[PDB]
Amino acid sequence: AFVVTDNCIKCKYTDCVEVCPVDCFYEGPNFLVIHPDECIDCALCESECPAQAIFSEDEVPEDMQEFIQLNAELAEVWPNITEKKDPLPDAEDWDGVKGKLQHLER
């Protein structure tokens, strides 16, 4: 499974969904997750993310390990997203800000 980590929060560019062959992204208010059972590990999404927030599960940074289980959980409750849309309004003000998990909205 690939995993969306911290820098996606309050950015949510959604360029990542265009390239997904199996449509395994699920949408929240200010974040996207990858559904771990559905992802086929084709890796096509991770050089598409402007925020460089997508990682292979086995390559998630130490200090972002919480995001593996978070992706799995929220992929259960959030609606599937298959079409790109506009980035959130202030997305590049927030691109690169660390510790954005305190800002995650359900």
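In this text, residue numbers run from 1 along the sequence as written.
- Mean C-alpha B-factor is higher over 79-87 than over the other stretch, the pair under comparison being 79-87 and 20-28.
- The mean Cα B-factor in the deposited entry runs higher for 88-96 than for the other of 88-96 and 11-19.
- Placement of the Cα temperature factor of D41 within the chain: lowest third of the modelled residues, per the deposited record.
- In the deposited entry, the Cα temperature factor of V60 sits in the top third of values across the chain's modelled residues.
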